[PDB]
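Structural features, examined
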Amino acid sequence: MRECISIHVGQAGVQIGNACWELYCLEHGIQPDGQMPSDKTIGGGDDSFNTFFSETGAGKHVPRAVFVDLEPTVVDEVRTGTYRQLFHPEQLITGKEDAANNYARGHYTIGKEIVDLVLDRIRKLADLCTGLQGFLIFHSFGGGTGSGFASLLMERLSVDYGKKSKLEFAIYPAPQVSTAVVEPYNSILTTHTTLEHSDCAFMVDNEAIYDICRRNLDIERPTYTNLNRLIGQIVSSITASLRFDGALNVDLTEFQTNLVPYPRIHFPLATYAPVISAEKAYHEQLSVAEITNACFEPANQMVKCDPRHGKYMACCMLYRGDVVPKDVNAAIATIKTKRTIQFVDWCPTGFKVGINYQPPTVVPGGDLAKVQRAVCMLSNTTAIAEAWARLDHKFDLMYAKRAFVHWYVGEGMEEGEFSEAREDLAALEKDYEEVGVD
Amino acid sequence: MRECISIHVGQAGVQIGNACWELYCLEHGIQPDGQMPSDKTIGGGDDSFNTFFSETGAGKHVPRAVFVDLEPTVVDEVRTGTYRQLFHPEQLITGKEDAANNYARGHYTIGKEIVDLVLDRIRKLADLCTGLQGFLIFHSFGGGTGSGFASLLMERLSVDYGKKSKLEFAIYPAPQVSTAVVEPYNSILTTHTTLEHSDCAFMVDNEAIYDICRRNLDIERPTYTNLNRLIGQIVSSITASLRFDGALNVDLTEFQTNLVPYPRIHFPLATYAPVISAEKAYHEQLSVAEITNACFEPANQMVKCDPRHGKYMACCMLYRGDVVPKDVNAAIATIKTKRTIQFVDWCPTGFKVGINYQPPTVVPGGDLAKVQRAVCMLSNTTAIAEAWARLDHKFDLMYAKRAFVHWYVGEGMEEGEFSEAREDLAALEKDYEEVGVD
Amino acid sequence: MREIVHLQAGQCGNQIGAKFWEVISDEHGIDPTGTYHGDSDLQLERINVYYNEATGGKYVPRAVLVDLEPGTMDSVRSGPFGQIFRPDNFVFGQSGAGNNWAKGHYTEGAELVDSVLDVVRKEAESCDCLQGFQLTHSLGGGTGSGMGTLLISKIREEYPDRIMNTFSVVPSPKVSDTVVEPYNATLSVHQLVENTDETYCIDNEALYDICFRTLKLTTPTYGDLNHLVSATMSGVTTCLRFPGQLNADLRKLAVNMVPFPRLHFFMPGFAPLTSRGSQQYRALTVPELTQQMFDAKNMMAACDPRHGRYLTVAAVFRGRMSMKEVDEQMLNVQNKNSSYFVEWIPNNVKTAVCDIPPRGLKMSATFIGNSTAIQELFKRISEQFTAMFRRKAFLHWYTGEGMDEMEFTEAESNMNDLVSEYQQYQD
Amino acid sequence: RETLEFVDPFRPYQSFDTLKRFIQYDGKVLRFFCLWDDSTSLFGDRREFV
Amino acid sequence: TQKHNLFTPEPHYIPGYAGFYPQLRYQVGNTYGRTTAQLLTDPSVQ
Ligand SMILES: Nc1nc2c(ncn2[C@@H]2O[C@H](COP(=O)(O)OP(=O)(O)OP(=O)(O)O)[C@@H](O)[C@H]2O)c(=O)[nH]1
Ligand SMILES: Nc1nc2c(ncn2[C@@H]2O[C@H](COP(=O)(O)OP(=O)(O)OP(=O)(O)O)[C@@H](O)[C@H]2O)c(=O)[nH]1
Ligand SMILES: Nc1nc2c(ncn2[C@@H]2O[C@H](COP(=O)(O)OP(=O)(O)OP(=O)(O)O)[C@@H](O)[C@H]2O)c(=O)[nH]1
C-alpha cells in the first residue's frame, strides 16, 4: 500500500528526525509506552500508522525510519530518551569513529564495513513493506558524517533499486556563514555525486529560518527545538496526503513528474505560509488571499534568493485544512494576473494543488499558531544559480591555493575528482541560464 | 513403537546430554524427584515419555540414554547434581583411566574390558524397547575420550545391529582454533573408520555458536550452559516429530533417505533460524518469510562455509509451531526464484518440510526467546570440503615431520593406518569434486 | 583409582618439601596437629590423590624423606608440620656427605638404596594405582644428585608404566658456590636424560630478580622463594585434584607438550604477582592476566626465550573464567607475535581452565614453557666442564672413589648431542 | 474456529498404577466383629464372623 | 573458598563416588547407605 521508509544520516540529521517522530506520534496520539489506551486501533498493523509505523500483533509501533550516525554521544543520549523503547536498537545505527568532516573518510575509510549492515536493515524492512513508494533521506550538505556516508549509501540503494523514488532533504550551506571551510569542499563532492542519482533534492537555510523567528514568530532567542518543529511541520504537511485525504489526493510521483523540468536540476524550494506567532492569530483572521500573498512575498522564503532576479518554473501548493476551490482558483488567478511574477513563457501552467481537509494541529509546549488553513509552497525558480555562483568563487580560491589538501591526499585521494566537480558545477550554472534564456 | 536410545560418549559429551535431559523434563514438566503430581500419566510406561523416558509401574521416568565416560570427575559431580535420582547408577558408565587424547589408547588399551559391560546395557535396553528406530550418538572428533572409545563401540553395535539407524552428532574441529595439536591425529582416524559404518554424521562448531551469541543473542560472555542449551534445542526440534505430531509427520528414516544423495558422504548442516534475544522478539515480529531469509543467510550457519563457494544438494526445514502451508510453500517458491542460492541441476526439488504444531517453549532460567514459529534447517552443500581441505594440509606437514609418533608407536602402532586414512580423505575431496561437477 | 607418591631428596628438597607440603595442608585447611576441619567439600573429596588415611581424621602425606645429615631432619621435624610427617618415612645414612656425587651414587647409596626401595614399595602397596611419582631435588645438589640418579634408574625397570616427574633447581649461573658442581650436574644430566621424561627448570637468580621486581621487599627468606615455586608446583597439581572442565592427567599433558623423546626440560610460569600497593591498584582482568602471564619479567625459570623461539606452550588457568576469553587471548597473542613461534608447529598452545580459584584470590593461572632458551644453559656448563676438564682439576678424589675420565667423555658427548639436537630442531 | 479449536492436536493418553498405595498401606488390616441371623431358617440359628 | 556445600543430611551418596568419607573406619555394617547413614549421623566431634 502507500508507505515509505525514512533515512536520517548524521548527528545533524538525527535530532531533527527525532522531533519529526515526536510530532508524528502526537497527531496519532501514540503514547511513549508504545500502546494506545483501552481504545482499539491495533491489529496486523493496518491503520493510519500502516504508512509510518509498524504496530504488529505485539501492539508496539515500529516507525519506518533508520537513524545512522558515526558518533555514539547523541544517539546513546536519545537511546536514553523518552521514546527509546519504541525505537529499534540497531535501527539506531551508531558508530565509534568520525569522518572528521572529510567526505571521503566517511565514504572510503569506514563506510565500507557498515553499509553491509544497514542494507540488511533496508532489505529486512523492504520485505515487511508492501508498496514502499520511496525513501525519505534527511542529511546535511555540510555533513561531517552526513555528507560522506550518504553518498556511499545513496548510490548503493540506487544501483540495486533504481525503480522507486528517493527524496532528499538537507540544510543548505549558509551563503555567508561558514562553520567549516572544508564544508564547501565536501558539499560540491556530494552534489556532483548525487546529481546523476538523486531524484528530488530539497534545501533549506537556517539564517532565514532564524530571521522568520524574530520577524513574525517574534522570538529573538529560539532554539533548535523550534527549528526542528518547523521542518517537522514541513515534512508533516507533505506527508499529510499519505495520512489523510481531501478534495484531491496527490503523491510524490506526481510531485516528481510535475516539478522537475528536465534531468539534472531537481532542486525546488519549500515554503510554509502560515508561519505566525500565537498571540497574533487570536485577533486576526486567515484566508487564502493574504497567505497566498505571504507565500509569494519574497522575504518569507527561508532561502536567500531574490525571485525577481530569477524566473519561476513550477509552483506546487498544498492547502491543508478547510478550503474551497472557488477562492483558491480565484486567488491563484489573481496571481497569474500579477506582472511582477515573471514565469518563464515555457510554462503556460505551473500550478500543482493538493487539498487536505484535516486542519494543521498545534503542538503541546510549542510556539506555533492555531492553523485551520495552511499551505506548504513547493516551487523552483532560476534565482538559485547565484547560490552555486557563491560556492564556486569560494571554491576556486581555496583550490587554487589548495588548502587542507594534505589532509585529503594524506588519506588517499587526488585532485582529479575535485577537478570533475568544478565543471560538474560549471555545467550546472551554464544550464541554468540556458533554460533561463527563452 | 516410536522410541530411540541415546548415547553420550566423552566427558565433553556428557554435560550436553545432561542439559538435553534437563531440557527434556521441562516440556514434560518432570519434577526432579522422578514423578509427576497426583495427576494420572503413569502406567506400563506409555505416554509422551514412552519415546524418551521409561516411567514404569515404579512411576520414575528413566531416560533411554547411556552416559559413558572414562574420567570419574565430571560423572561423579553430575551424580551429585539434581536429577541424579532419575539417572541409573551404572547407566552412568564411568572409567578410572583416560585415553590422553589418544584415539587408539581409547580404542585398544582399555575399551576391550568395558565394551562387554556396555554391550550388556544396550541389549538389556534393546529387549525392553519395542520399535527402537535407532540410536542417538553424542560424541566429538577431537575427543580425549570421545574419539577412541566411540569408534570401537560403533564398530561392535554395527556388526551385530546393522539393520537400524545410527544418528551421529559431534562438534566439528575448530578450523583455526586448536586446543590440541594431536586433534588432527584422532580426527582423521575417526573419519576413515566411520565413513563405512556411520549412518548420519551431523557436525557443529562452537566459534559461530559464540559468534551468534553476541550478534543477535547479544551476550558477550555466555557459557556452556547457553551453548548446550542451543544444541539441546536443536536435538529437541528434530525429536519434536517423535514427541508431538504435525501437519505432516517425518522421521529419521525419511531424513536418512531424502538427505544423503550417495554413499560415503552423509554430512549435512543444521541451522535454527529464530535465534534472538528476549527483548528483540518482544518488540519485533517473526514470520516465515524473514526467518526463511535468515536460515539461508550465510552468516547464520554454525559452520564456517560460504554457500556461494559451494552448491546445494539437500535442504530439510522442520517448521515447529503455528504455521500454514500457504505462506510456507509460497516463501520457498520465492526461494526457488532466488538466483544466488545455486542448487545442483541434478535435484529439481531438494526441500523436505516437517511441520509441527507445538510452539517451542521458553526454559526457566534461560536466555532464549518466546518462539511461536520455529524451523530446524538441515541442508547439505559442497562448500564443506574446505574443512577437510583445511584438515589435510595441516596433517600432511605434520606427518612429514612425524611429530608425537613415538607416543603412538611406543604403545603399539605404526604408520600404515595413518597412511591409509589420508587417501581416504584424499578420496573424500576428490569424491566431493566430481559430484560438484555437473 | 590414580594417585601420586612424592619423593623428597637433597638438602634443598628438605626446605621445599616442607614448604610444598605445608601450603597443601593450608590450602586444604588441615590444622598443624592433623585433625581436618571440614570446610570445603571438593577438598573433602580429593586428598586421597595425595594423602592416605590415619586414625582420627589425620591425613598421612604419601611422601618419602631421604638424606644423610640428621640435623636437617630435626629442623624439618621441629618445623610447624614435623608431626604430620612420619618417622617411618625418614630414611637416612650414618655418613657425612661432602657432596661427592660418586659417594652418594656408588658408596653411600648402596647400603641405603635397599631401604628406600623397601619403604616406597611398602607405600606403593599401601596405595592402589599411581599415575606415578614426582621428585624434589637439585641437579647441582650434591647428595640429591647422587641419590636420585640411582633411584630414578631403579624405579625405571621397577615401574616403567607410571608418571615419572622430576623437580630440580638449577644452581646460580653467576656463581655455583660448589666448584665441583659442574661435575655433579654434568654427571647427573647424562643419566637424567636417559631416565627422566619431565623436568622442571628453576633458578634462584631469576627468583632474586623477581623479588627486586614485584616482591620489592629488599630482604626475603629462601622459604619465601620456596613459597613461590611450591605455589607453582601446587598449581600444576591443582588440576588433578580439582573439578572443572579442564583435562588433568600429566599424560593428557605430556603427549601434548612432548613432540620428541629427548624433550624433557620445561620452563614454568606463574600468574598474577602483585606489589606493594597494586593489590588495591589492579583491576583483575584476563587481558591483564594474559599480558602479565606472558611477560619475560614474570619468567623465572632459566633465562629469556627472546633469544630463541617457542616450541610448545601450555597454560592452566585457575578460577572463574570462560572458554571465550582464553580463546580470544590466544588469538591475540597468536597474532601479536606470529613469527616468534616455530613454523614446524602452529597452534602450539595447550589450554586448561580450572574453575576452582585458590584460597585468597579468584582468577589465577600457571604456565609451562618449552622454548629455545636452554641452549645457553648447557652451553654455559659446556665451557665450565671443558675448562675444568682441560686440566683435570679436583680429580684425584673421584679416581680414589673409583671413577675414571672415560665416563666424563660420554656425559659431555651426551650433552653435546643435546646441543646439536636443540639447535638442529629450531636452527 | 471451534472447529479450528477442534483442529488443535495435543496427543493425550492415560494409564494407572497400584504400587505406591500398596506400599503405603502394606501389612495393614482392619478387624471388625459382626453377626448374621439365621433363625429365619428352621434348622440353623446364628453364627459369628470376623 | 567462596562456594557452596555438599554432604547434605543423609540419605544421599549413591555408591560409586571417589573420596574419603569422615570416620569410615568402623563399617561393621554392609551397605553403602547404612555406612553413610551413620557417618553423617556422627559429626559429634565438637
Ligand atoms: N541537520 C542539522 N544540522 C545542524 C544542526 N545544528 C547545527 N547544524 C549544522 O549542521 C552541520 C552538522 O554537520 P556535521 O558536523 O558534518 O555532522 P557529521 O557529519 O555527522 O559529523 P560531526 O562533525 O562529528 O558532527 C554543522 O556544520 C552545523 O552548522 C541541527 O540540529 N540539525
Ligand atoms: N562436547 C563438548 N565439548 C567441549 C565442551 N567444552 C569444551 N569442549 C571442547 O571439546 C574438547 C574435549 O575433547 P577431549 O578433551 O578429548 O574430551 P574426552 O575425550 O572426553 O577426554 P578428556 O581429556 O578428559 O576431556 C575440548 O578440546 C574442548 O575444546 C563441552 O561442554 N562439551
Ligand atoms: N636447602 C637449601 N638449599 C639451597 C639453598 N640455596 C641453594 N641451595 C642449593 O640446593 C642444593 C641441593 O641440596 P642437596 O641436593 O640436598 O645438596 P647435598 O647433596 O646435600 O650436597 P651440597 O649440594 O654440596 O650441599 C645444594 O647443593 C645447595 O647448593 C637454600 O637456601 N636452602
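Thresholds applied
- Residues numbered from 1 in each chain as written, not as in the entry; some residues may be left out.
- Chains lettered and ligands numbered in written order.
- Part of a larger assembly, values for the part shown.
- Heavy atoms only, no water.
- Contact = heavy atoms within 4.5 Å.
- Buried area = accessible area lost by both parts, 1.4 Å probe.
- Salt bridge = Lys/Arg side-chain N within 4 Å of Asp/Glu carboxyl O.
- Polar contact = N/O pair within 3.5 Å; in protein donor to acceptor, adjacent residues only side chain to side chain.
- Nonpolar A, V, L, I, M, F, W, Y, C, P; charged D, E, K, R; others polar.
- Helix = DSSP H or I, 4+ residues; strand = E, 2+ residues; numbered from the N terminus.
- Pairing = 2+ DSSP bridges.
- Near = heavy atom within 4 Å.
- Areas by Shrake-Rupley, 256 points an atom, 1.4 Å probe, with all protein chains shown as cover.
- UniProt positions renumbered as here; feature names shortened; annotations may be inferred.
- Axes fitted to C-alpha atoms, helices over the stretch in contact; angles between N-to-C directions.
- Parallel < 35°, antiparallel > 145°, perpendicular 65-115°, else oblique.
- Left-handed = near helix turned anticlockwise from the far one by under 90°.
- Core = buried A, V, L, I, M, F, W, Y, C linked by side-chain atoms within 4.5 Å.
- Buried < 20%, exposed > 50% of the residue type's maximum accessible area, 1.4 Å probe, protein only.
- Arc of directions from axis to C-beta.
- Patch = residues over 30% accessible without salt bridge, like charges linked within 9 Å, V, L, I, M, F, W, Y side chains within 5 Å.
- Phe/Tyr/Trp six-rings, centres within 6.5 Å; stacked < 30°, edge-to-face > 60°.
- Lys NZ or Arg CZ within 6 Å of the ring centre and 35° of its normal.
- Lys, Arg positive; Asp, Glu negative; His and termini not counted.

Deposited coordinates in this entry are attributed by the record to cryo-EM, at a stated resolution of 6.5 Å.

Below, the discussion takes up the interface of chain B and chain D. On the chain D side, the residues contacting the eleven residues of chain B number nine residues. Around 890 Å² of area is buried between chain B and chain D when both sides are counted, 50% of it from carbon and sulfur atoms. Counting across the chain B and chain D interface gives one salt bridge. Linking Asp47 of chain B and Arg11 of chain D is a salt bridge whose minimum nitrogen-to-oxygen distance equals 3.7 Å. Taken together, the links from chain B to chain D amount to one residue pair in polar contact. Across the side of chain B that touches chain D, the residue classes break down as three nonpolar, four polar and four charged.

As a further point, take the interface of chain C and chain B. Taken together, the 28 residues of chain C in the interface contact 32 residues of chain B. Taken together, both faces of the contact between chain C and chain B bury some 2700 Å²; the carbon and sulfur share is 57%. Taken together, the links from chain C to chain B amount to two salt bridges. For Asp98 of chain B, the salt bridge goes to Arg2 of chain C, with nearest N and O atoms at 3.0 Å. Inspection of the chain C/chain B interface yields ten residue pairs in polar contact. Among the elements of the structure, α9 (250–257), α11 (323–336) and β12 (349–354) of chain C are those that each provide at least two residues to the side of chain C that touches chain B. A class-by-class count of the residues in the side of chain C that touches chain B yields 13 nonpolar, five polar and ten charged.

Another point: the sheet that holds strand β4 (residues 134–140) of chain B. Residue and element names in this part refer to chain B. Strand order in the open sheet formed by six strands is β3-β2-β1-β4-β5-β6, and the pairing between neighbours is parallel. Across the chains shown, the open sheet's two edge strands, defined by having one partner strand only, are β3 (92–93) and β6 (200–204). Sheet topology note: the strand β5 (residues 165–171)/β6 ladder contains five bridges and is parallel. Each bridged residue has a counterpart across the sheet, and for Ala170 the counterpart in β6 is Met203.

Residues and elements named next belong to chain C. All residues adjacent to ligand 3 are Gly10, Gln11, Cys12, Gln15, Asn99, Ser138, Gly141, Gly142, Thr143, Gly144 and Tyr222. Within the contact set of ligand 3, an oxygen atom lies 2.7 Å away from a backbone nitrogen or oxygen of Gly142. In the model, an oxygen atom of ligand 3 is placed 3.0 Å from a nitrogen or oxygen of the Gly144 main chain. Here ligand 3, which alone exposes 610 Å², has 74% of that area covered by the protein. Looking at the shell around ligand 3, the element that brings in the most residues is helix α1 (residues 10–28), giving four residues.

Looking at ligand 2, there are 18 residues lining it, with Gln11, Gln15, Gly144 and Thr145 of chain B together with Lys252 of chain C nearest. The environment of ligand 2 is shared, with nearby residues belonging to chains B and C. One nitrogen or oxygen atom from the main chain of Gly143 of chain B is found 3.5 Å from an oxygen atom belonging to ligand 2. At 2.8 Å from an oxygen atom of ligand 2 is found a main-chain nitrogen or oxygen belonging to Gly146 of chain B. For ligand 2, whose accessible area on its own is 650 Å², the fraction buried by protein is 84%.

Here we take up the UniProt feature "binding site: GTP" in chain C. Residue and element names in this part refer to chain C. This chain's UniProt record puts "binding site: GTP" on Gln11, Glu69, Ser138, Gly142, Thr143, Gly144, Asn204 and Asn226. On the basis of their most widely separated C-alpha atoms, the annotated residues across 216 residues do not gather in one place, lying as much as 23.4 Å apart. With respect to the element layout, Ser138 can be found in strand β6 (residues 129–138). Not counting chain neighbours up to four residues away, the residues in contact with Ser138 comprise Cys12, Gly144, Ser145, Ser168 and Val169. A polar side-chain atom of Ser138 sits 3.1 Å from the main-chain amide nitrogen of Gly141. As for its placement among the helices and strands, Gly144 is situated in helix α5 (residues 142–158). Ignoring anything within four residues of it in the chain, the contact list for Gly144 reads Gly10 and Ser138.

Glancing now at the sheet that holds strand β10 (residues 373–381) of chain B. Residues and elements named next belong to chain B. Read across the open sheet, the four strands follow the order β7-β10-β8-β9; overall the sheet is mixed. The strands lining the two open edges of the sheet, one partner per strand, are β7 (269–272) and β9 (351–353). Neighbour-to-neighbour, the strand axes of the sheet open up by a mean angle of 20°, direction not taken into account. Note: β7 against β10, four bridges, orientation antiparallel. Its bridge partner lying in β10, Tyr272 is registered against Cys376. Across the sheet, helix α9 (residues 252–259) touches β8 (312–321), β9 and β10, and the angle it forms with β8 is around 155°.

Below, the discussion takes up the packing of helix α12 (residues 375–390) of chain C against helix α14 (residues 405–426) of chain C. In helix packing, the relevant descriptors are the interaxial angle and the interaxial distance, both defined with respect to the helix axes. All names here are of chain C. At a minimum axis separation of 10 Å, α12 and α14 run at an interaxial angle of 150°. Comparing their axes, α14 and α12 come out roughly antiparallel. Between α12 and α14 lies a crossing of left-handed hand. On α14, the residues touching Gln375, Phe378, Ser382, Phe385 and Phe389 of α12 are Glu405, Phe408, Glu412, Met415, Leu418, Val419 and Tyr422. Of the residues that constitute the contact of α12 with α14, the class distribution is eight nonpolar, two polar and two charged.

Formed by 64 residues in total, the largest nonpolar core has its most connected members in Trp21, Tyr51, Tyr59, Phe85 and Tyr200 of chain C. Among the elements that line this core, the one with the most residues is helix α8 (residues 222–241) of chain C, at six residues. Counting residues in hydrophobic clusters, the runner-up holds 46 residues, among them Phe53, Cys200, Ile212 and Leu227 of chain B.

Another aspect to go through is helix α2 (residues 72–79) of chain B. Residues and elements named next belong to chain B. Considered for burial, the residues of α2 that qualify are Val75, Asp76 and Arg79. Along the axis of α2, the buried positions cluster into a sector of 100°, meaning they face one direction only. Contact partners of the buried residues in α2: β3.

Most contacts, when the five pairs of chains in contact are compared, are made between chains B and C. With no contact between them, chain A and chain D keep their nearest C-alpha atoms 18 Å apart. One finds no contact between chain A and chain E; the C-alpha atoms of the two approach each other to within 37 Å at their closest.

Residues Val181, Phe404 and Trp407 of chain A make up a contiguous nonpolar surface patch of roughly 330 Å² in combined accessible area. Structurally, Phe404 of chain A can be placed in the loop between α13 (385–400) and α14 (405–410).

A word on the pattern of salt bridges. A complete count under the given rule lists 32 salt bridges over all chains for this structure. The closest approach of N and O atoms between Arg373 of chain B and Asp322 of chain B, which form a salt bridge, is 2.9 Å. Here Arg373 of chain B is found in strand β10, whereas its partner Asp322 of chain B is found in the loop between β8 and α12 (325–337), with 51 residues between them in sequence. We classify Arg373 of chain B as partly exposed; its relative accessible area is 27%. Between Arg25 of chain E and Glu53 of chain C there is a salt bridge; the shortest N-O distance is 2.9 Å. With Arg25 of chain E in the segment before α1 (32–39) and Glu53 of chain C in strand β2 (residues 51–54), this residue pair bridges two chains. For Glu53 of chain C, a relative accessible area of 36% puts it in the partly exposed group.

Here we come to the packing of aromatic side chains. Taken as a whole, this structure holds 58 aromatic pairs over all chains when the rule is applied. Ring geometry for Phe141 of chain B and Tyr172 of chain B: centres 5.7 Å apart, planes at 75°, overall edge-to-face. Here the residue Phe141 of chain B occupies a position in the loop between β4 and α5 (146–160), and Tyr172 of chain B occupies one in the loop between β5 and α6 (183–194), the gap between them amounting to 31 residues. Each member of the pair, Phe141 of chain B as well as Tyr172 of chain B, carries the same accessibility label: buried. Look at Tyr185 of chain B and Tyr408 of chain B: their rings are 5.9 Å apart centre to centre, the planes differ by 75°, and that puts the pair in the edge-to-face class. Of this pair, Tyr185 of chain B sits in helix α6 while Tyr408 of chain B sits in helix α14 (residues 405–410), placing them 223 residues apart in sequence. The ring of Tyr340 of chain C has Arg306 of chain C lying over it, and the distance from NZ or CZ to the ring centre is 4.0 Å.

Moving on to the side chain of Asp69 of chain B. Residue and element names in this part refer to chain B. Mapped onto the elements, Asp69 comes out in the loop between β2 (65–68) and α2. Look at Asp69: it is buried, it has no salt bridge, and the nearest opposite charge is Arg79 at 7.9 Å. Excluding residues within four positions of it along the chain, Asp69 makes contact with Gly10, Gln11, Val14, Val74, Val75, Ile93, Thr94, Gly95 and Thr145.

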